[PDB]
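Student: This is the structure I want to talk about, given as C-alpha cells.
Numbers and lists here come from the model and the stated rules, or from a named source; none is laboratory data. Every residue, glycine as well, gets a Cβ built from its backbone with ideal geometry; the counts of neighbours run over all protein chains shown.
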Amino acid sequence: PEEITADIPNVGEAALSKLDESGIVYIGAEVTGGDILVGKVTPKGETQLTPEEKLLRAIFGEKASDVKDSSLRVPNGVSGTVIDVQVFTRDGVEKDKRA
Amino acid sequence: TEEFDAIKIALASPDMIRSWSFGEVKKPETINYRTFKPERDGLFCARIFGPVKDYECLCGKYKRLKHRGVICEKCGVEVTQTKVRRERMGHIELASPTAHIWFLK
Amino acid sequence: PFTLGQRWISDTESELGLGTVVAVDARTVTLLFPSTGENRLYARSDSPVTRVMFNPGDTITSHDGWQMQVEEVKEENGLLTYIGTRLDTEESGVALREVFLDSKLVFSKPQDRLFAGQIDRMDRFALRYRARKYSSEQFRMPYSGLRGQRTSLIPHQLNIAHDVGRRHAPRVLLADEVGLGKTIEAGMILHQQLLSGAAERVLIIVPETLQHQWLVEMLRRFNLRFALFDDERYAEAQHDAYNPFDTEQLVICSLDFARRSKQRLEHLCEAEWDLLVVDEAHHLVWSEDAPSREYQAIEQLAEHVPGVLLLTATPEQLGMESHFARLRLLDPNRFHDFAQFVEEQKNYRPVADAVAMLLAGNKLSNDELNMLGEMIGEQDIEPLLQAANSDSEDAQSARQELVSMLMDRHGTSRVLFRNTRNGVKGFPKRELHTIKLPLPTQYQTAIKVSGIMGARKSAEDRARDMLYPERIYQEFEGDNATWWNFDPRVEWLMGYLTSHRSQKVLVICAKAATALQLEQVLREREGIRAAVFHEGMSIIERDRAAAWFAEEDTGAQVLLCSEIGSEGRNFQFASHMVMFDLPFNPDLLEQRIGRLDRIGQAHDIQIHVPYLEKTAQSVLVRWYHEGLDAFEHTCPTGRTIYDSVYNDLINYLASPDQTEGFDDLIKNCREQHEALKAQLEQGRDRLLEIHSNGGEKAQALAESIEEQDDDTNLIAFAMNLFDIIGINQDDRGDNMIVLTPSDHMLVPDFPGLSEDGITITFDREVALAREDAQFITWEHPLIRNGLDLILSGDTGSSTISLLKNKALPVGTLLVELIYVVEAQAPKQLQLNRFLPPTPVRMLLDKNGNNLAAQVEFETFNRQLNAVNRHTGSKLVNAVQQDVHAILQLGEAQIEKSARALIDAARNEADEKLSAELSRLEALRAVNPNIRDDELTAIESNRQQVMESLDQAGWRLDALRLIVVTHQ
Ligand SMILES: [Zn+2]
C-alpha cells in the first residue's frame, strides 16, 4: 500500500512547509501552480541492500520502502486558496488526525 | 536521409512475411498481472519484439550499453534500444490456409 | 560473411581475447571463446564484432606454444588457414588453422588497431589526451593531499597536515586545546597518508559512543569508507578466514572491544596495521607502580605498529608531567624516566619565562641571557644574542633568529603540538546586547502558586523550575496553555526579525518542545520560516534543515532547537544570535556561543539576550556579564567559580529579591577571574605555540591553496569527462549539480555512483555550507576513479580525422603520437612525485618533422571533423603500408625526448632527495628525537628511487591519424 506520510524523497523543505504532520495542506494556505497538494509515497521492492549498506541506511535513516513519490501537485497555472478538505477512508484502522 | 522515389506496392509472398517476422507468438497471454514483466511466448514478448527498457535484458543479467549484440542466456532477449520494439513484426503459422477477406468480399 | 570457424574479437572487451564462429542462424552468429570456453551469440545486424585476420609479416603463436611467420593466407568458404615459416623449428610451409590460434592476442600499440574494424571516437581520444595531461601535471603539484578535505583553510591545521603527512611512521601526541580542531588535523593527516600510498591498513580505536561520529566524519569529510568490526562481524569474519582482520584495509573498533579476549588482542596486534590512531588518551590512567590493564593493551598495540597518533586533552591546569604516561609510549627509550622529565620541565621553566620577557618586549639582563647561551652550546652566539636585546635596526630579525634557534633546541616540541586560542588570530570580536523586559503578571501569579505548593522541594529544584517560567505556566494554567500570546520575549523576537528581515538570525532555546511552539507561533502569526534542529531528528532530515537554512535569501530566515549543535562546518554567513534562554552550567554557555564563534566567520557577533526583569534570568545576566565577562570573553574560569559559589548562589536564584551580598560575590568572582587569568598567562609555553602555528611558510601555503582553489579548467574537464562516460548532470542552478547514471553509461556499475544520484559543488564555501554535497577536487575519489578507468582502458586511444584546408596537398599525412613514459614500482615508494605516467606528444609529417611546438593541440583539434564508420574503416587501411614507414620517423626522436625526460627527472630526484636527507641529518645533528630508522628509510628510499627510475620505459598509448581532403 502507498502511504500518505510527510517523508517524501528529495523534496525541499519549502514544499513541506505548508503541509501539516499528516500530509494535508493547511486550511487557508495560498498555493500556486506546481506546489505539492498532498504527500504520497510509492512503495519500492526488492532493494536487497548489503548488510553494511543496511547498517548505513539505519544510521542515516534512509528508507528502502520509499524512494518514489506519487504526491499530487497543483495543476499548472492555477492558483487559489484551499477553502475545504474532505477525507474518505474505506478501511483505516482508526480515524486519521484530519478525520 | 536518402533521396528516394517510387513507392512500390505488391502482394506479399509468405516467404517474405516469414522474412519480416522475428518470432512466433504461441500463447495469447501478455503479462503476469503480478510482476509486470511480459510473457515468455505472448503477444508481448521480449525475445521476439524487443527489450522493454533501453539496452538491458529481461532477467537483468546484462544491462550495460557496452553489450550491443549479445543475447542473454537466461532470457533470450537481445540488449538494444527499446525503439526497435516499434518496428519488429511477428508472425503466426496458421494450420489451415485462410482467405484474405479484402480479395474476396 | 559469418562462416563457422572464423576468429573474431570484441571491440570493447578484448580482455576476453579471440573467439570462434561455431554456429549461425537467420538472425544470429555464435562465437566460442577458447580463453574461457563460453559462447556468445550476436545479431548479424549492426555487427559489433571484429574479424581477426593476419597479413604477411605478422608473427603469430599456435596452441602448442610455438610461433611462426605468416607469408601467405588463402581464404575459401569464409575460413582462413595460415601458411608460413615456423620460427621455433625453422620449418617452412607450416599450416595453422585459425581455430587453433591462442587467446593471448592483447591490444597492441595502436598502430595495430587500424585493422580492428570500427575504431574509437575522436572526442574520447581528446578526453584521453587531456586526461593524461591533467593527471600528469596534477600528480606533481606541490600541495597534493591538502585540497579535497571538507574544511576551512585554517593556517595551523594546514601546517600540521603538511608537516606530519610527509613524515615516515609519524608518532606524535596531539594535545591541542579543546574546540580547535584536533580531530580535523587528525583527519587531514590520515587523508595524506592514505592518498600518498604511504599507508594501506589503518586502525582507529574510539570509545563506542563516538564510533558513529567517526564513521560519518571520515565518510562525509574525507570520502573514506571504514568497516566497523563488532563481535558479530568478528565472528562472521572468523568463519571466512583464519585472521578476521585480513578482509578490510581500514578498521574502526573500541578499546573495550580490544580487551575482550586475549586471542582477540593478539589477532589485532598481528593484523599488520600501518597506522594506529587513539583519541582522548588522557582517559588512559597509568601509575608508575601500577599501570592499568587498559593502558597495557595500547602499549601492546603501539609496539606492533610503526606509526601511531594519540589525540588527547590536558585539563585541570596541570602540566605535561601528566603526559609522561603517554610520552613514555611514543619514544620509550628517549622518554624512559619520570624524574628526568620533572627536572627538565622545572629547569626549562625559567627559560620559558625569559623567552616570554623577550617576546613580550623587555630587555634581558646578561645574567639571564647567559642561561639561554648555556642552552645553545655554540660559540658565535654573542653578536646575534646582543643585537636582539639592544633593539637595533634588525632586532626583529634577531628575535626571529633567536626564536627559530630555540624551537630547534626545544626538547619535545617536534613531538608535541599545543596550539592555544591566544596564539591564533582570526577569531571575531563579540559584542553583547541586553534587553530588560517586564515580568508579566500571569507569571507572578503562576510562580507564587508554585511557591506555596512548593512546600517540600529542594532549593536546587526551586531554582531549576523558576529558571524557565514557560514550564511552570504549564502546570497551573493547564498544559498547552497559550502562553505564547502574553510573553513579551516573543513580541520582541518577532519585532526584531520583522525589522531585520534581511538578516539570518540564530535563536537558541533549551528544549525542542519550546522550539516547536516557537515555530508554530512565528508561522501562524507572522509567517516566519524556521527550521528546527533537535536531538530527536535523524541525520538526513537535520541535514535537509541545514540545507534550507543555507539558501541565500529564499530559505529559512531563522533556525534552531535544543543543544544539539556539533555541526563541524559552521554557518559562516550568520552573524546575529539571540539567546531565548540561558543555560545552567557555564560549559553549556560557552559551547553554545562556540557553535558560531569559529575562525572564518563573516563579521563580528551580535548577541541579544532578552531577559525578564526581576527573575533568575536577571540574576544570571549580572553574574555572567560584570563578573565573569563570559559573553564578551571566553576565559575558562566558569567551572571553578561555579563550584566555589554553588550553594551560596542557589539562594540568589530561588529568591531574586534578596540583592544584598550579590555585589560582593561579583567582586569575588572577578578576583578569582584575575587569579586564574594570571596563572594561565604565566603558564603559556609561547615557544611551543610558535613552533605549532607554522608561521609565514604556513600562511604562504594557505594562500597558495586559496589561489589554486579557483581552477576553472577543473570544472571544464569534469563536465567533459562525465558527459563522455555517460553520466546525466542535472544543473539545479545554485552551484549544485545532481549526477545520475544513464542508460548509456560506460561501466556495469560505477564504484561511487548510485542510481539515486549525488549532489556536488565545486566551491569550497558551498561545501562548507552544504555538507550533504560531495566536495569535488583533483583528489576526490570520483575523479581519481574515472582517471584510472580511462587511462587503464583503451578507449580514446585510436581515431581518424579529416582536415579540409585548401592550402595543403591532398592525401597528406599528419600523425599525432602520444607516448607515455612510465616506471614500474610499488606505490608504497611514492615514485609518482617524480615520475608518474608522463605524456609525450609528437605531430609527425611524412618526413618526420614535429609541428607540435608550432601547432597547439586545442586550436588544431577545433577545426577537425570525423568520418563515417564504414568508408573510414578501409580509408585507414589505405595507408597501412605507409604508417609502418611513418613509425621509424618517430623512432629516432622518441629516444631523444625520452632520454631528456628521464635525465631531467633523475636530476630533480637526486637534488630534492639529497636536500631533504641533508635537512633531516641536520635535525639529528640539532635535535635528539630523530631516530636512526627514519634516516635509514629516507636513504633507502632515495636509492630505490634512483634505481626504479634507471629502469623506466616508454609505450605508445594513443595514435590519431589525420588525412587532409578537399572533397
Ligand atoms: Zn537476461
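Student: Any residue in the stretch B:73-85 that is over 15 Å from B:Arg40 (Cβ atoms) sitting within a Cβ distance under 6 Å of a residue that is within 8 Å of the ligand (Cβ to nearest atom)? List the pairs, counting only those 6 or more apart or interchain.
Tutor: Listed pairs, sorted by first residue: B:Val79/B:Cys57; B:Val79/B:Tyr62.
Student: Scan the stretch C:555-566 for residues that are at the interface with chain A (Cβ under 8 Å from one of its Cβ atoms) and surrounded by fewer than 20 Cβ atoms within 10 Å (Cβ to Cβ) and report the count. Quick ask: steps written out before the conclusion?
Tutor: The first filter runs over the stretch C:555-566 and keeps only residues at the interface with chain A (Cβ under 8 Å from one of its Cβ atoms), leaving C:555-556.
Pick out the ones that are also surrounded by fewer than 20 Cβ atoms within 10 Å (Cβ to Cβ) and you get C:555.
The qualifying residues number 1.
Student: Still on this structure, please answer the following. C:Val24 fails exactly one of the following numbered conditions: (1) under 14 Å from C:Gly78 (Cβ atoms); (2) crowded, with 20+ Cβ neighbours inside 10 Å. What is the number of that condition?
Tutor: The single condition C:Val24 does not satisfy is (2).
Student: So which residues in the stretch C:64-97 are on the phi < 0 side of the Ramachandran plot and not in a strand (DSSP E or B)?
Tutor: Within the stretch C:64-97, C:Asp64, C:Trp66, C:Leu87, C:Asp88, C:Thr89 qualify.
Student: Does C:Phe549 meet the test of being closer than 23 Å to C:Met494 by Cα, crowded, with 18+ Cβ neighbours inside 10 Å and more than 12 Å from every other protein chain (Cβ to nearest Cβ)? Steps first, answer last, please.
Tutor: Values: closer than 23 Å to C:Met494 by Cα: yes; crowded, with 18+ Cβ neighbours inside 10 Å: yes; more than 12 Å from every other protein chain (Cβ to nearest Cβ): no.
No.
Student: Pick out, from the stretch C:369-455, the helices (runs of 4 or more DSSP H) lying fully within it that include 1 or more residues that are of a type in the set (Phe, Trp, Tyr) and surrounded by 14 or more Cβ atoms within 10 Å (Cβ to Cβ). If you could, list the steps in order and put the result at the bottom.
Tutor: Numbers: elements: C:382-390, C:395-409, C:441-453.
Helices (runs of 4 or more DSSP H) meeting the threshold: C:441-453.
Student: Something else about it: What is the one condition in (1) over 30 Å from C:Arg924 (Cβ atoms); (2) outside the structural domain of C:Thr554 (by CATH) that C:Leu406 does not satisfy?
Tutor: Going through (1) over 30 Å from C:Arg924 (Cβ atoms); (2) outside the structural domain of C:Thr554 (by CATH) one by one, C:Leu406 breaks only (1).
Student: For the stretch C:937-967, which residues satisfy the criterion of being surrounded by fewer than 17 Cβ atoms within 10 Å (Cβ to Cβ) and in a loop (DSSP other than H, G, I, E, B)?
Tutor: Within the stretch C:937-967, C:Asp950, C:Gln951, C:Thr965, C:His966, C:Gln967 qualify.
Student: Another question, then. Restricting attention to the stretch C:263-294, which residues are small (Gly, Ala, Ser), in contact (Cβ under 8 Å) with a residue 60 or more places away in the chain and in a loop (DSSP other than H, G, I, E, B)? Lay out the reasoning, then the answer.
Tutor: Going through the stretch C:263-294, the residues small (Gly, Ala, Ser) turn out to be C:271, C:281, C:287, C:290, C:292.
Now restrict to residues that are in contact (Cβ under 8 Å) with a residue 60 or more places away in the chain: C:271, C:281.
Passing the criteria: only C:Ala271.
Student: Output yes when any residue across the stretch A:41-50 is touching a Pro at 6+ places or on another chain (Cβ under 6 Å), touching a residue at least 12 places away in the same chain (Cβ under 8 Å) and either away from chain C (no Cβ under 13 Å) or farther than 26 Å from C:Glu519 by Cβ (or both), and no when none is.
Tutor: Taking the stretch A:41-50 as the starting set, the residues that turn out to be touching a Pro at 6+ places or on another chain (Cβ under 6 Å) are none.
Scanning the stretch A:41-50, I find no residue that is touching a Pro at 6+ places or on another chain (Cβ under 6 Å), touching a residue at least 12 places away in the same chain (Cβ under 8 Å) and either away from chain C (no Cβ under 13 Å) or farther than 26 Å from C:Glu519 by Cβ (or both), so the answer is no.
Results for (1) within 14 Å of chain A (Cβ to nearest Cβ); (2) assigned to a loop (DSSP other than H, G, I, E, B); (3) more than 35 Å from the chain's Cα centre (by Cα), shown as yes or no for each residue.
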| site | (1), (2), (3) |
| --- | --- |
| C:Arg569 | no, yes, no |
| C:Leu582 | no, yes, yes |
| C:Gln601 | no, yes, no |
| C:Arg622 | no, no, yes |
| C:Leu653 | no, no, yes |
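Student: If you don't mind, there's one more thing I want to ask. Could you please find all residues in the stretch C:904-936 being exposed (fewer than 12 other Cβ atoms within 10 Å of the Cβ), out of contact with any helix residue (DSSP H, G or I) (no Cβ under 9 Å at 6 or more places or on another chain) and in a helix (DSSP H, G or I)?
Tutor: C:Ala904, C:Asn907, C:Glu911, C:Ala915, C:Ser918, C:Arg919, C:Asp933, C:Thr936
Student: Restricted to the stretch B:53-63, and to residues that are surrounded by fewer than 16 Cβ atoms within 10 Å (Cβ to Cβ) and not charged (D, E, K, R), which residue is farthest from the ligand (Cβ to nearest atom)?
Tutor: Across the stretch B:53-63, the extreme among qualifying residues is B:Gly60.
Student: Applying the selection to the stretch C:520-546, what residues are part of a helix (DSSP H, G or I), over 29 Å from the mean Cα position of the chain (by Cα) and at the interface with another protein chain (Cβ under 10 Å from one of its Cβ atoms)?
Tutor: Step one: of the stretch C:520-546, the residues part of a helix (DSSP H, G or I) are C:520-526, C:539-546.
Checking which are over 29 Å from the mean Cα position of the chain (by Cα) leaves us with C:520-526.
Of everything in the stretch C:520-546, those that are part of a helix (DSSP H, G or I), over 29 Å from the mean Cα position of the chain (by Cα) and at the interface with another protein chain (Cβ under 10 Å from one of its Cβ atoms) turn out to be C:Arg523, C:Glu524.
Student: Does C:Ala900 qualify as being surrounded by fewer than 17 Cβ atoms within 10 Å (Cβ to Cβ) and in contact with a helix residue (DSSP H, G or I) (Cβ under 6 Å, 6 or more places away or on another chain)?
Tutor: On the way: surrounded by fewer than 17 Cβ atoms within 10 Å (Cβ to Cβ): yes; in contact with a helix residue (DSSP H, G or I) (Cβ under 6 Å, 6 or more places away or on another chain): no.
Spelling it out, it is not the case that C:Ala900 is surrounded by fewer than 17 Cβ atoms within 10 Å (Cβ to Cβ) and in contact with a helix residue (DSSP H, G or I) (Cβ under 6 Å, 6 or more places away or on another chain).
Student: So, one more: Take the residues in the stretch B:69-96 that are more than 15 Å from the ligand (Cβ to nearest atom), assigned to a loop (DSSP other than H, G, I, E, B) and over 17 Å from B:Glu24 (Cβ atoms), then tell me which one is farthest from the other protein chains (Cβ to nearest Cβ).
Tutor: B:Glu87
Student: Still on this model: In the stretch A:20-42, which residue that is touching a strand residue (DSSP E or B) at 6+ places or on another chain (Cβ under 8 Å) and within 20 Å of C:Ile540 (Cα to Cα) is surrounded by the fewest Cβ atoms within 10 Å (Cβ to Cβ)?
Tutor: A:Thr42
Student: Another question, if that's okay. Does the stretch C:859-884 hold any residues that are surrounded by fewer than 16 Cβ atoms within 10 Å (Cβ to Cβ) and without any contact (Cβ under 8 Å) to a residue 40 or more places away in the chain, and which are they?
Tutor: Within the stretch C:859-884, C:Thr859, C:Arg862, C:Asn868, C:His870, C:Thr871, C:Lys874, C:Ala878, C:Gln881 qualify.
Student: What's the number of the condition B:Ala46 fails, among (1) away from chain C (no Cβ under 12 Å); (2) more than 10 Å from the ligand (Cβ to nearest atom); (3) among the small types (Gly, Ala, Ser)?
Tutor: (2)
Student: Considering only the stretch C:521-535, state which residues are of a type outside the set (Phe, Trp, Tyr) and in contact (Cβ under 8 Å) with a residue 12 or more places away in the chain. Explain how you work it out, then say what you get.
Tutor: Keep residues of the stretch C:521-535 that are of a type outside the set (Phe, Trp, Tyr), which gives C:521-532, C:534-535.
If the condition is that a residue be of a type outside the set (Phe, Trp, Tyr) and in contact (Cβ under 8 Å) with a residue 12 or more places away in the chain, then C:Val521, C:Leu522, C:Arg525, C:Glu526, C:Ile528, C:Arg529, C:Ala530, C:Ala531, C:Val532, C:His534, C:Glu535 are the ones that fit.
Student: Okay, moving on. Could you pull out the residue among C:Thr634, C:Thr640 that is part of a loop (DSSP other than H, G, I, E, B) and either surrounded by 15 or more Cβ atoms within 10 Å (Cβ to Cβ) or in contact with a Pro (Cβ under 8 Å, 6 or more places away or on another chain) (or both)? Talk me through it step by step, then tell me what you get.
Tutor: Working: C:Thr640 fails: part of a loop (DSSP other than H, G, I, E, B).
None of the other options fit; the residue is C:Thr634.
Student: OK, next. Which of the following residues is within 27 Å of C:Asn422 (Cβ to Cβ), in contact (Cβ under 8 Å) with a residue 12 or more places away in the chain and not assigned by CATH to the domain that holds C:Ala767: C:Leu628, C:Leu612, C:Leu665, C:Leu649? Don't jump to the end; show me each part of the working.
Tutor: Working: C:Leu612 fails: within 27 Å of C:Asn422 (Cβ to Cβ); C:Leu665 fails: within 27 Å of C:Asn422 (Cβ to Cβ); C:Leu649 fails: within 27 Å of C:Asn422 (Cβ to Cβ).
Residue meeting the stated conditions: C:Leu628.
Student: Separate question: For the stretch C:264-286, name all the residues that are surrounded by fewer than 16 Cβ atoms within 10 Å (Cβ to Cβ) and either in contact with a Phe, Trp or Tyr (Cβ under 6 Å, 6 or more places away or on another chain) or under 17 Å from C:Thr314 (Cα atoms) (or both).
Tutor: Step one: filter the stretch C:264-286 for residues surrounded by fewer than 16 Cβ atoms within 10 Å (Cβ to Cβ), giving C:266, C:270, C:272, C:280, C:283, C:285.
Listed by number, the residues that qualify are C:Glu280, C:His283, C:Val285.
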